[PDB]
Structures are given as structure tokens and as C-alpha cells.
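> Sharing a structure below in C-alpha cells format, with a few things to ask.
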Amino acid sequence: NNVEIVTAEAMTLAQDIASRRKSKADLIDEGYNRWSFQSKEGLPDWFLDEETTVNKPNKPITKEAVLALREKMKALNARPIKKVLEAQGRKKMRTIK
Amino acid sequence: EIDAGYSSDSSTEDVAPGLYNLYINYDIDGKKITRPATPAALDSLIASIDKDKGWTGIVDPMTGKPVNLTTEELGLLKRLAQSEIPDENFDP
Amino acid sequence: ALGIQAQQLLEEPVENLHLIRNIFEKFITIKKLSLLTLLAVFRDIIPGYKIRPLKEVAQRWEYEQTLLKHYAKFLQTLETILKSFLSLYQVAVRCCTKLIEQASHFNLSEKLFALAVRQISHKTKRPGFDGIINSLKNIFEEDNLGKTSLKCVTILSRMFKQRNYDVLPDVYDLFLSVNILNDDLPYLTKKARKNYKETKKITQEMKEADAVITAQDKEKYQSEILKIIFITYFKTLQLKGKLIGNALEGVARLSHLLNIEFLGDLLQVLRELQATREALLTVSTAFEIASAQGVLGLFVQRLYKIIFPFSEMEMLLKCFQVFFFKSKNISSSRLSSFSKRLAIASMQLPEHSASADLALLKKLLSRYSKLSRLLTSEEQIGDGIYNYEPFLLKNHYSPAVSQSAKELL
Amino acid sequence: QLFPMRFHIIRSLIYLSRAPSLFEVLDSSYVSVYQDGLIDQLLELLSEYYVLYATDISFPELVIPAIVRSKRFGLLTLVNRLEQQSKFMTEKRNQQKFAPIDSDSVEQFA
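Chains as they are written, first to last, in full-length UniProt numbering: chain W, 617 to 713; chain R, 101 to 120, 127 to 198; chain P, 223 to 249, 254 to 280, 291 to 321, 330 to 427, 448 to 537, 553 to 574, 583 to 598, 629 to 704, 721 to 742; chain X, 482 to 499, 508 to 521, 549 to 589, 601 to 637.
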């Protein structure tokens, strides 16, 4: 069992736990809300699919998590020598023309 | 009286790490804390090229090393991010 | 009997499932022949596309399930034969190599790849290793999508972790074989024509989307393959084992495809470190990285200082040629100082190597001629005259040394 | 155990001629009563090789790699003698300012 943090909402949360800005005990207490008690254990797919699309609490989002996600999504070959030189070159020569 | 103490869960506490300059400058009583040596370039490349599970990318002010959430912390984040009860054994 | 059953299976594979069962029941020479017949029958009857797990469709699905069960039984028997381990083992290895070459896209290919990796993971050179390596290289070269290559890379990474990055040097060479990183008419009814036109339009749209999807999938697979290879190479470098040369060669080959920041950080890792040979390899890797088109004093100092402990020749000659090939980076009175140590160290080693080293400066466009005599100040640690060799080089065991010295003079 | 055989072969080669092997033997864990005798034999062979090549104009240049190796590694006396020989060779080379065409002066100095 594992988990892959790919949603920025989770990253804002993960940053808060690690950076100790928001206390862990307070986070646990803040997790007992109207939405956590709407359990999803065993519900049919035709119900869950609309519930996630509609009844999804929109948590706040921080720019720091956005940057961190971009860092995670940055592939090893995202910007190699060619994609940083000729891709810059084609834009430059296009602007010249 | 009330002893003017601090509870273990008070919202105000020392050390406020931020998004990963090194704040290895001083400590209480105005003494310079020794700066931990920078990690080996091979190890730093390994961490940068392979993000650890729950890689927050946040560095504490005392040391330049990053802080990564442990298995239980990843478990709590999973429960919180998926909107379920953050206590495994608590009958709702 | 086996040949007749194989001929019957070839003619009508749909209704010859019992023939396969009879062949399995009939399965040292007889066992080898049965295994060869089973492999040939499986290769001839295996579909060229991946079978999706669950009379026009139902019967075909049932036939596919029966064929999959027969293949699984054959794979289980092959695994037992491989684990039992000589001629039978070699035949099984050849059959496994043929299955990998042919049925790479088919089901249970991960199990076949895992069995091949386990056989190759042995410290000793087991029979069929060359065939397995050749099959893997052919698969890596042919896999444009790279999904099979990514699966093989993950299998190799697991084997390396199990072996603590201690395997044969040829195992690491499989990474360099990844091609991704190395990149009149019949009459038709009136209604039929409308269907044909719609099918053609759908095919064109599907082909265009597939090309875009292939480009994205190839890029994602290449990044994942690079991540696995770099992590394995970094772990091997951390272990500082005997595979450092293979790791350095793989790093140099795949350094161009990495990010700019990673390329810059790799220099620090290289500079952070058979010690002379390792230092020479690190210097060569640094020179290769700097030699990348479109673009190191510590590495230069290390290369200059490593000459004395050395006193490998081809690598040194290639490094000197690359340094000479550098545009205006040499021959500014510094090359002569660097070549002075090389001339001094040239009193030993084979005469052919010494002649090649002398010819490297002889063919140089620089007009300096004092490199073979007193020269300018020797900075960069020094250990020499700051402010002769050919005279002593003439008196040598090899008679051609004197002739070479006279020709140079 | 076979070091004395190598020393005898080195001495025979030196006589026939009239360094890397001697340095390796000297730097060996055995050298770096039998060990002392082998070290003395190696020092004598090194001195004989240095004396044979002392006539060459490039004697300080050739002995420079050996001097650096010896400095990094009786041994003190041999190093001092080698340094003195290199200094004398350098002084002779500095005095011999003749061009390479006039090799007679170098031969006369040799």
C-alpha cells in the first residue's frame, strides 16, 4: 500500500503537516466535518461517480504546492540539451522572421 | 494559579519550516549553531532524481536537509485528502 | 508422431487442442524434441496481438483461453526445467530466447523476462547468456513504443537490487541498447461504398491521434527508462564496485538526454571521487560531457597529475585527441606544458603507444617546438622544470625508438 | 619470497643495460631482517640505475617521477642522493645552453 500525491489539494495539506505550520492535532480535529461522515464504503459506481464530480469539498490551494507539483511533474527528459537549445532557437528565429 | 504553562498541542510553537537561504545562524543565548555539512553530491542527485515517498520538499530552518513525511503521516494525509474519518478505530 | 501432430496443428490449429495436450503428455532426446515441437507450434499459433483477458466471439474466446492455459503449462514446465539446473538446459534457454524474440508482445512475457533475468543474474556465465543478451538487444532495438523495454528495465533493476549491483559487465551494456534513447478493383455495393468512405475517414483520424499518442507515450516511456537507468547507475556508483566502468560508460552515453541542471550537477559527483583508472575514467567522462554540442579545471588538473602514476593507452589517446579537437581551448602555450609531462612519462610503455603520443603533437597545428626541450614555466602544481628526453629515448630496448626519435628531431 | 629472485633479475638487467619495478618493490608492504636486506638490495639497484642514467642530460627529468614517488612513500639517504643528482643534472643542463643541433656539447657534458 502506498499513495501518490498528484493533486495540489493534497500537496497543500502535505506541506502543512511537514512544515508544522498547522498542528497535527488540530488537523485531526478539523477532519471531523460534514463531509468525512458521508462515508463512501460500498456505494455503487453510478452514485460515487457523480458524488466525486459534484459533492467534492474544495479545499484552499497554495502557490507553494503548485510549484512543488510542477517540480514532481518535471520529467528527467522534460528539458534536455536539444529541447532547451533548438526549441529556444525555433522561437527565436520565428520572432526574427 | 494557572502556572502559565504550555500545552502539548498549543498552536504556537518554535521552528517554522518553509518552502525548500539556509537559516543556520544562531540559537538561544546567542550562540552560533554549527552548520551541518552539505550532503554528498551523489546522494543529493539521488534524492533529486528519485523523489522519496511523501516528498514534501520542505526544509527545516536548523538543517538544510529536506523533511519527508513518515508512513503514518502519509496515512493521515491519505485519510484527510480522501475525506474520511482521520481515526482508524472510531465508530461513526 | 510428434511431427504428424505438429503438421495437423499447423493445418488446423483451431481443432487441434488435444494434439497440444498429447504433445505435452508425450514430453532426453525425446523430451528435447517435444520441447522444440511445442515451441514451434506455439510460435506458429500465437496471435501477433495481445490477447485481452475476459460462436463468432464466444468460441474464439474459449479457444484463446485454452491456448493461454496450454502456454501457461509450458511456461511452468520451462521454469521447473530452468530451476533444476546441461543439454536440456541449453535447449530450454534457446526456446526461451525464441519465445522472447517472437512472443514479446504476447501474454506471460513478464514471466519469461523474469526467468531470463534470473538465469542471467548468476555470477557465473551460464550457457545461453549470449543468446539471451542478443534477444534482449534485438527487443530493445525494435521496441519503438518501449513498453516492453520499460518492463525489461524494471526487471533488470530488480535483479540489480537483489544482486546489490554486482553482475556481469555485459548486463549493464543492455541499457545502451535501448533504441528509444539512441533514436480492376472488385465491385462494391452502393451501401458498401459509404461504409468504405466512413472507414477510411475513421482510419485517417485514428492514425493521426495514434501518432500523437505514440509521441507522448514514447516521451513518457523514455523519461521512465532514463529514471530507472540513472538510479541504478547512481546506486552502483555509491557501492563503488567493479561495475564503475560500465556505469561511467552508461552515464556518458545517456548524459545528453538528461536535463541541463542534472548535467551540471553530474560534474560535482564525478569530481567528488585501480584508483588511477577510476580517476582517468572520471576525467574522460567529464571531457565527454563538456564535448556535448551547443555548450572543468579540476578535471584538467587531475588528468595532468594522473600521468605520473600511470607511468588504457587508447583511452588516453582518445582524451588527448578530444582535447586537441577542442576549438581554441588548447595550444595557448599550455598544451606544451601539459605535453612536457607526457614526453617525460613516454620513457616507458610500448613504443607504438609512445609513437602515437608523439604523433598527436606532431600533427598538431600549433607551431610550438620547445615541448621536447626547455619550455615556459610549469604551473598547475608543477613538479617539474619551470625555467633532452629524445636523447635518452634513443637508447632503448626497442631499436625503432631511436629511429622515431631521429624522425621527430 | 620471490623478491630476491626479482632483485637478482633487476641487477642482471641493470648490468646488461650499462625504475617502475624497483619502486613497486620498494613500495611493497614487505619493504615499505629479510625485509631490511631486500630494501638495501633495492636501494643499491636503484642507485646503480641512477648512476647509469646520470650521464644523460635528462637525468633530473627522468628521475623526477621517481623522486616524487620516493618522497610520497636508507630511504631518506637514497632520496637525498637522488635529489642531489637531479640538482647536478639540472645545473649541467642549464650550463649546456647549446642548441639541439650542437649535440657534441651535450655528449661532452655526458
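All residues carry an ideal CB built from backbone N, CA and C; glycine is no exception.
#1: Flag this pair as yes or no: are the beta carbons of P/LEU501 and P/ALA511 separated by less than 7 Å?
#2: Closer than 6 Å by C-beta to X/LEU559: which residues in its own chain qualify, once you throw out the five before and the five after it? Chain order, please.
#3: Mind pulling the chain X residues with CB within less than 8 Å of P/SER598?
#4: Tell me whether P/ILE242 sits in a helix, a strand or coil according to DSSP, three-state version.
#5: Taking the straight line between their C-alpha atoms, what separation do you get for P/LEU449 and P/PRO371?
#6: So if I threshold CB-CB distances at 9 Å, which residues from the stretch 142 to 168 of chain R count as touching chain P?
#7: Could you pull the start and end residues of the alpha helix (DSSP H) that W/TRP662 belongs to?
#8: Are the C-beta of X/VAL514 and some C-beta of chain P separated by less than 7 Å?
#9: Using a C-beta to C-beta distance shorter than 8 Å, which residues of chain R count as neighbours of P/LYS491?
#10: What is the DSSP secondary structure of X/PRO485, reduced to helix, strand or coil?
#11: Counting Cβ pairs, one atom from each stretch, are 3 or more of them under 8 Å apart for the stretch 564 to 574 of chain P and the stretch 636 to 652 of chain P?
#12: Note down, in chain order, every chain W residue with its Cβ under 7 Å from the Cβ of P/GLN486.
#13: Taking the continuous beta strand (DSSP E) assigned at R/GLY163, which residues delimit it?
#14: Please compile the residues from chain W whose C-beta is within a distance smaller than 9 Å of the C-beta of P/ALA571.
#15: Can you check DSSP and say which residues form a bridge with R/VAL173?
#16: What residue from P/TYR730, P/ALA733, P/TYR703 has the CA that sits closest to X/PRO576's CA?
#17: Determine which residues share a DSSP beta bridge with W/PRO696 and list them.
#18: Taking C-alpha atoms, which residue in R/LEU119, R/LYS184, R/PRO192, R/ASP103 lies nearest to R/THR162?
#19: Using a beta-carbon distance below 7 Å, is P/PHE724 in contact with chain X?
#20: In three-state terms, what does DSSP make of P/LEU231?
#21: So, with DSSP's three-state summary, where would you put P/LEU583?
#22: Pull up the DSSP beta-bridge partners for R/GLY136, would you.
#23: Going by the DSSP bridge assignment, what does P/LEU352 pair with across the sheet?
#24: Using 7 Å as the threshold, is the C-beta distance between W/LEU685 and P/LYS491 below it?
#25: Please name the residue or residues paired with R/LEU119 in a DSSP beta bridge.
#26: With 7 Å set as the bound, which would you pick, yes or no: does the beta-carbon of X/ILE490 sit closer than that to a beta-carbon of chain P?
#27: Which residue from P/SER331, P/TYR333, P/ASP270 puts its Cα closest to that of P/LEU303?
#28: Determine, using beta-carbon pairs with one atom in the stretch 332 to 348 of chain P and one in the stretch 359 to 369 of chain P, whether at least three such pairs fall under 8 Å.
#29: Grab me the residues of P/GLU695's own chain with a C-beta within less than 6 Å of its C-beta, minus the 5 sequence neighbours each way, in chain order.
#30: Let me make sure I understand the geometry here. Which of P/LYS635, P/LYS276, P/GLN480 has the alpha-carbon closest to that of P/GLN301?
#31: Using a Cβ cut-off of 7 Å, pull out every chain P residue sitting near X/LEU561, in sequence order please.
#32: Confirm, please, whether the CB-CB distance from W/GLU625 to W/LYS675 is below 7 Å.
#33: Looking at X/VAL633: is its Cβ nearer than 7 Å to the Cβ of X/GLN622?
#34: Any idea if P/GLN638 is buried or exposed, counting beta-carbon neighbours within 10 angstroms, 16 or more meaning buried?
#35: Please compile the residues from chain P whose C-beta is within a distance smaller than 8 Å of the C-beta of W/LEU701.
#36: Between the stretch 108 to 116 of chain R and the stretch 166 to 176 of chain R, can you find at least three pairs of beta-carbon atoms closer than 8 Å?
Concretely, from the data shown:
#1: P/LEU501 places its beta carbon less than 7 Å from that of P/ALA511.
#2: Within the same chain, X/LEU559 has close Cβ partners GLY601, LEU605.
#3: The contacting residues are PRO509, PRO581.
#4: Helix, per DSSP.
#5: A direct Cα-Cα distance of roughly 55 Å separates P/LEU449 from P/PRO371.
#6: Within the stretch 142 to 168 of chain R, the qualifying residues are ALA146, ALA147, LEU148, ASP149, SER150, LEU151, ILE152, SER154, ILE155, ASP156.
#7: From DSSP, the alpha helix (DSSP H) with W/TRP662 extends over 661 to 670.
#8: By this cut-off, X/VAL514 is not an interface position.
#9: Under the 8 Å cutoff, chain R gives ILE155, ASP156.
#10: Note: X/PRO485 maps to helix in three-state DSSP.
#11: By the Cβ criterion, the stretch 564 to 574 of chain P is in contact with the stretch 636 to 652 of chain P, since at least three pairs of Cβ atoms, one from each stretch, lie closer than 8 Å.
#12: The contacting residues are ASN693.
#13: The continuous beta strand (DSSP E) containing R/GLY163 extends over residues 161 to 165.
#14: Under a criterion of Cβ atoms nearer than 9 Å, the residues of chain W adjacent to P/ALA571 are, in order, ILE697.
#15: Looking at the DSSP assignment, R/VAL173 forms a beta bridge with R/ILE164.
#16: The shortest Cα separation from X/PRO576 among P/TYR730, P/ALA733, P/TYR703 belongs to P/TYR703.
#17: In the DSSP assignment, W/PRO696 forms a beta bridge with P/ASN523.
#18: If we check each option's Cα against that of R/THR162, R/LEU119 comes out closest.
#19: Yes, P/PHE724 lies at the interface with chain X (some Cβ there is under 7 Å from its Cβ).
#20: Residue state, collapsed to three classes: helix.
#21: The DSSP-derived three-state label of P/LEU583 is coil.
#22: None; R/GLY136 has no bridge partner.
#23: P/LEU352 is not bridged by DSSP to any residue.
#24: Cβ atoms of W/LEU685 and P/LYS491: not closer than 7 Å.
#25: In the DSSP output, where bridge partners are listed per residue, R/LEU119 has R/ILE164.
#26: No, its Cβ sits nowhere closer than 7 Å to a Cβ of chain P.
#27: With distances taken between Cα atoms, P/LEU303 lies closest to P/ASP270.
#28: Yes, they touch.
#29: So the list reads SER654, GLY701, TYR703, once near-sequence residues are dropped.
#30: Looking at the Cα atoms, P/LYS276 is the closest of the given residues.
#31: Result: empty, since nearest Cβ-Cβ is about 17 Å, beyond 7 Å.
#32: A contact, by the Cβ cut-off of 7 Å.
#33: No; because the gap between Cβ atoms is not below 7 Å, this pair is not in contact.
#34: An exposed status is given to P/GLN638, since fewer than 16 other beta-carbon atoms sit within 10 Å of its beta-carbon.
#35: Under the 8 Å cutoff, chain P gives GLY573.
#36: Flag = yes, the stretch 166 to 176 of chain R and the stretch 108 to 116 of chain R touch.
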